[PDB]
Amino acid sequence: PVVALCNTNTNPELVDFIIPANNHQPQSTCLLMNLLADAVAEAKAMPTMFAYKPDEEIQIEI
Amino acid sequence: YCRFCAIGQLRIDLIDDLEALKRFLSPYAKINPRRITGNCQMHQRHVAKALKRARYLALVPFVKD
Amino acid sequence: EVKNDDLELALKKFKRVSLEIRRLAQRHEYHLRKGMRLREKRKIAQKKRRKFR
Amino acid sequence: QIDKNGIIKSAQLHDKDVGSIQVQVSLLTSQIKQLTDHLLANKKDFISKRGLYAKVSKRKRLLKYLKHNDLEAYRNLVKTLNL
Amino acid sequence: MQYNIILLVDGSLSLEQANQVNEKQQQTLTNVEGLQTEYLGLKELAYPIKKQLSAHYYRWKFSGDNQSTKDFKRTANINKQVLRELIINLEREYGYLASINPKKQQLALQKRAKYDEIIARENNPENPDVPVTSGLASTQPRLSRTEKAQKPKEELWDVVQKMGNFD
Amino acid sequence: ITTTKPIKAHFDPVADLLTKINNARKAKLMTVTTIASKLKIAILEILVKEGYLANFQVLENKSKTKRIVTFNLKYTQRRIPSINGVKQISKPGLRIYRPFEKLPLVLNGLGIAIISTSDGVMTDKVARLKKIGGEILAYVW
RNA sequence: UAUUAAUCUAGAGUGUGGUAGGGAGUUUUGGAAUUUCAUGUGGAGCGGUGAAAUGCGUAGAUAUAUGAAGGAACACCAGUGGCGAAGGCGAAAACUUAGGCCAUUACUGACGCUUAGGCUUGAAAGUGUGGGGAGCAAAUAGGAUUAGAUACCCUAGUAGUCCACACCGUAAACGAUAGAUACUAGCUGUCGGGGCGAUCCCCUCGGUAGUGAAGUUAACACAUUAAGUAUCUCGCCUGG
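Sequence positions in this view are assigned from 1 along each chain in the order the sequence is written. Entry numbering can differ, and residues without coordinates are absent from the display. Lettering for chains starts from A, numbering for ligands starts from 1, and both go in the order in which the items are written. Note: displayed chains form a subset of a larger assembly, with all reported quantities computed for the displayed subset only. Hydrogens and water molecules were not included; the side-chain quantities draw on all heavy atoms of the structure.

Per the PDB entry, the recorded name for chain E is 30S ribosomal protein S6, and the organism is Mycoplasma pneumoniae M129. What the PDB entry is called, per its title line, is "70S ribosome with EF-Tu-tRNA and P-site tRNA in Mycoplasma pneumoniae cells". UniProt positions are given in the numbering used here, feature names are shortened, and annotations may be inferred rather than shown by experiment. Quoted verbatim from the Function field of UniProt, the annotation for chain E is "Binds together with bS18 to 16S ribosomal RNA." Heading Sequence similarities of the UniProt record for chain E holds this comment: "Belongs to the bacterial ribosomal protein bS6 family."

Going by the PDB entry, chain B carries the name 30S ribosomal protein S18 and comes from Mycoplasma pneumoniae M129. UniProt's Subunit comment on chain B is quoted here verbatim: "Part of the 30S ribosomal subunit. Forms a tight heterodimer with protein bS6." Per its UniProt entry, chain B bears the Sequence similarities comment "Belongs to the bacterial ribosomal protein bS18 family."

Colleague: Can you tell me about the overall build of chain E, naming the residues and giving the values?
Modeller: Of regular secondary structure, chain E possesses three helices and seven strands. Secondary structure is summarised from DSSP: a helix means a run of H or I of at least four residues, a strand means a run of E of at least two, and numbering begins at the N terminus for each. Across chain E, helices and strands are ordered from the amino to the carboxyl terminus as β-α-β-β-β-β-α-β-α-β. Only the C-alpha atoms count toward the radius of gyration. The rule for a globule is 2.2 Å times the residue count to the power 0.38. Here chain E has a C-alpha radius of gyration of 34 Å; the compact-globule value for 167 residues is 15 Å, and the former is much larger. For chain E, the spread of C-alpha atoms along the three principal axes comes to 110 × 60 × 35 Å. Think of it in three bands: residues with accessible area under 20% of the maximum for their type are buried, residues over 50% are exposed, and the middle band is partly exposed, with areas taken using a 1.4 Å probe on protein chains only. When each of the 167 residues of chain E is scored for burial, the buried share is 22%. Throughout, a contact is declared for two residues whenever any of their heavy atoms are within 4.5 Å. Within chain E, contacts between residues at least 6 apart in sequence are counted, and of these 71% link residues at least 24 apart.

Colleague: I'd like a rundown of the sheet that holds strand 5 (residues 112–116) of chain F, residues and numbers included.
Modeller: All names here are of chain F. With antiparallel pairing, four strands are arranged side by side in an open sheet as 4-7-5-6. Edge strands, defined here as strands with exactly one partner in the open sheet, are strand 4 (86–87) and strand 6 (122–123). Pairing between two strands is assigned when DSSP locates at least 2 bridges connecting them. Examined bridge by bridge, strand 5 and strand 7 (residues 135–140) share four bridges and lie antiparallel to one another. Each bridged residue has a counterpart across the sheet, and for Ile 115 the counterpart in strand 7 is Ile 136.

Colleague: How would you sum up a nonpolar patch on the surface? Please name residues and give values.
Modeller: Surface patches are defined over residues having more than 30% relative accessible area and no salt bridge, joining like charges when they lie within 9 Å and nonpolar side chains (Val, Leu, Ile, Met, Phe, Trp, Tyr) when within 5 Å. Surface exposure here means Shrake-Rupley accessible area, sampled with a 1.4 Å probe, where a residue is shielded only by the protein chains that are shown. We define a salt bridge as a side-chain nitrogen of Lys or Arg found within 4 Å of a carboxyl oxygen belonging to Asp or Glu. A cluster of nonpolar side chains, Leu 10 of chain B together with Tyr 94, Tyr 96, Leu 97 and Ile 100 of chain E, forms an exposed patch at the surface whose accessible area comes to about 510 Å². The topology assignment puts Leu 10 of chain B in the segment before helix 1 (18–24). The partly exposed category is assigned to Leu 10 of chain B, whose relative accessible area is 32%.

Colleague: Which residues make up the pattern of salt bridges, and what values do they have?
Modeller: Enumeration according to the criterion identifies ten salt bridges over all chains in this entry. Here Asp 17 of chain B and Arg 3 of chain B are joined by a salt bridge, their closest N and O atoms 2.4 Å apart. Of this pair, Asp 17 of chain B sits in the segment before helix 1 while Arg 3 of chain B sits in the segment before helix 1, and the two are 14 residues apart along the sequence. The class for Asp 17 of chain B is partly exposed, based on a relative accessible area of 22%. As a salt-bridge pair, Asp 124 of chain F and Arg 128 of chain F come within 2.7 Å of each other at their nearest N and O atoms. With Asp 124 of chain F and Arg 128 of chain F both in helix 3 (residues 124–130) and four residues apart, the pair spans about one turn of that helix.

Colleague: Which residues make up the nonpolar core, and what are the values?
Modeller: Residue and element names in this part refer to chain F. Residues enter a nonpolar core if they are buried and are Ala, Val, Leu, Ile, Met, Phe, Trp, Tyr or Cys, with the set joined through side-chain atoms within 4.5 Å. One finds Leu 17, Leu 44, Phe 56, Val 69, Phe 71, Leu 73 and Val 121 to be the most contacted residues of the largest nonpolar core, which totals 26 residues. At the level of secondary structure, the elements contributing two or more residues to this core comprise helix 1 (13–27), helix 2 (38–49), strand 2 (56–60), strand 3 (67–72) and strand 7. With six residues, the top contributor of residues to this core is helix 2. Residue contacts for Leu 73: discarding those within four places in its chain leaves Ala 24, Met 30, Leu 53, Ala 54 and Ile 83.

Colleague: I'd love a proper account of the interface of chain F and chain E, names of residues and values included.
Modeller: The interface of chain F with chain E comprises 18 residues on the first partner and 19 residues on the second. Buried area: the accessible area, evaluated with a 1.4 Å probe, that two parts lose upon being put together, summed over both parts. Between chain F and chain E, roughly 1900 Å² of surface is buried when both sides are summed, and carbon and sulfur atoms account for 37% of that area. Applying the counting rule to chain F against chain E returns one salt bridge. Taking the shortest distance from any N to any O, the salt bridge between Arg 79 of chain F and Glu 155 of chain E comes out at 2.8 Å. Any pair of nitrogen or oxygen atoms within 3.5 Å is treated as a polar contact; in protein, a donor-acceptor pairing is required on top of that, and neighbouring residues in sequence qualify only through side-chain atoms on both sides. There are twelve residue pairs in polar contact connecting chain F and chain E. At the level of elements, helix 2 and strand 2 of chain F are the ones that each hand at least two residues to the side of chain F that touches chain E. As paired strands, strand 7 (residues 145–146) of chain E and strand 2 of chain F are joined by two bridges and run antiparallel to one another. Following the sheet pairing, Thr 146 of chain E is matched in strand 2 of chain F by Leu 59 of chain F.

Colleague: Report on helix 3 (residues 42–56) of chain B, specifying residues and quantitative values.
Modeller: All names here are of chain B. Working rule for helices: expected span equals 1.5 Å times residues minus one. Here helix 3 spans 21 Å end to end across 15 residues, near enough to the 21 Å set by a 1.5 Å rise per residue. Buried residues along helix 3 sit in contact with helix 1 and helix 2 (34–37). Once helix 3 ends, the next one or two residues include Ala 58, with phi positive near 60 degrees.

Colleague: Got a sec to walk through the arrangement of the chains? Specific residues and values, please.
Modeller: By contact count, the leading pair among the four pairs of chains in contact is chains E and F. Over all C-alpha pairs, chain A and chain B never come within contact, reaching a minimum spacing of 34 Å.

Colleague: How would you sum up the pairing of strand 5 (residues 57–60) of chain E? Please name residues and give values.
Modeller: Residues and elements named next belong to chain E. Side-chain alternation along strand 5 places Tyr 57 and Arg 59 on one buried face and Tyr 58 and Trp 60 on a second face that is also buried. Pairing of strand 2 (residues 38–39) with strand 5, which is carried by two bridges, proceeds in the antiparallel orientation. What sits directly across from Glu 38, in strand 5, is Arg 59.

If you want it as structure tokens, here you go:
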């Protein structure tokens, strides 16, 4: 299998696990990537960073 | 932009707006393309017919070079 | 033609309008049929649309 | 001109029916009378002849439908002779 | 129906003779005379008509029967004192219904919108803002009544797990 | 409920309802509306009470002029249609009948069919049980 | 299912209101333009070709100002335009009129699809009667092309090329999709009506266009104007 950050208009039949969130814009992609990294980071006995911290994420573009 | 799609004068003849017809008239007594009239079909055919009307009545020259 | 009052701007206008006149003349020295007429009419329409689109 | 407003009120069975069969056949025969003169005037207006063929075919269909379903289908013959 | 008639005069003659010949042409009408008397002064033609350069243009509009037109056609052409013969009944696309004409506000909106009075106003057409009337009533309502009782089912998306038990 | 749009019978009851079944099976939809008819009522109820599609309702307008029926098809969370193919052997101009001895089976282990002999709708198994032959509606699988 | 008596409107038409379109014919004209004939200007060339020839040319050619005569087609708006059963329909009208479209909350009630037979038109050419031959140009001739010029260009020129009567019915008369009732992903551009309501867009009923799912077709490719799944009626295919 494989999981996909499913942007709308994509084929759902190819994908097996659907993540319906924006990915063309970076402001959502950064948060989603950080969340999935935190989800996978528990395997190392290394504590998570986000999803439990009240501090807001960073975003810088120009 | 079209002068005639926005006001809705609903009738075209020689004494509705003759100076508008002159503005629509070319410098060489012709008819301007779609890029000037600002519309596609119906006010355009109206003004073309009216310019022909005045042409037959000799309100604007057939040719003027 | 008219409007010859500038050394070169009027010249540019004159040459452009004369090129238009020549193109309008190009369809008036040979024989053609109605279907052929519709053919170059559609071709010119498509070419101008590609010029603008 | 056919003057529909003047002929609608002359073949009716009620005071509100406007789509009855009798008013339909009256309209059809009025069109026949008008367009016969029109075609005998203009002998090359063939689209008009096709349209007249269409209305006469429709009138024949209506007459057949009446003569099939309803016995009372010959009031319009005694006033305007047909067939 | 109503008609629109344009009439011409020969040469640069006086105005009284023009009115007289206009009146003479008017009596040609078969049964109905609802003439309107006005003229466009004097305008110089851009090209000669027969041999002249200027003439008087007169206008008429009456409401009568359609037979009042052919007589003018064989009379005006016979009269050598006319130069043009425009005769239009009504058949250019026209509207007079009293539900569309009361819309001249556009013009009232137009000039003020485009008139330049302050250096701060910046406007350009072809701009969408979608003013809302809050109600259209164009929905074609059709209600129904149920006559049998059965139970429907809810639907979700086809979420598939590839055996989910590799452990 | 209150679809607020008109529907009409297309050409003929049997093929009219089979067209909507075709639409259901190919478009992978849920609810399809159509007009009502006693034959369609009977076939829908015999088809649903044997467990082959979802439920359906019969509806009527404000005035006693028109009766319509909508129908739903059984589906699964796995998104699998319950119908694989429908085909009518009888068609306008071809009304073929069978006797009891020659009753056409329908891929015996799988298929379902309706035979209108004399009493509305009877499925193939009860048709054999009563030993009566009639007019075969269509094959569904 | 037939057969049947009465039925009820959504099928289907008719009325009402709005709206659109080079739809058809008839009758009047207008322009620029070509050709020709004239009145003045001028003197050796003018008209054609990968290069040259036929032809015209002091009985002032060409060019050039004006006039006069006349036959055909209606530049310009004319577009991814609109109607038309098909072909087609573009200068201006008046007339008789033809079919739509949209809300049809009105009217009647199955009258609706097809229809081999029978009729209505029919791109062009040609045929037989009147105008005209202004331009055009099959055929014929003359001059060059190559062994060859009945064709390839130039000069004229034969009827026809239009308007009226009677024909003849063939077109690659093409969307190479017979004609109607259903439904089905979307997306974009574009014409009309309704309300909305400056143009700008929001929807609905519709037609005209591309893009492109499943699905289909051998493939190309088709798709909300099916070649998809259905169904109905007339025709055609059984090898050149």
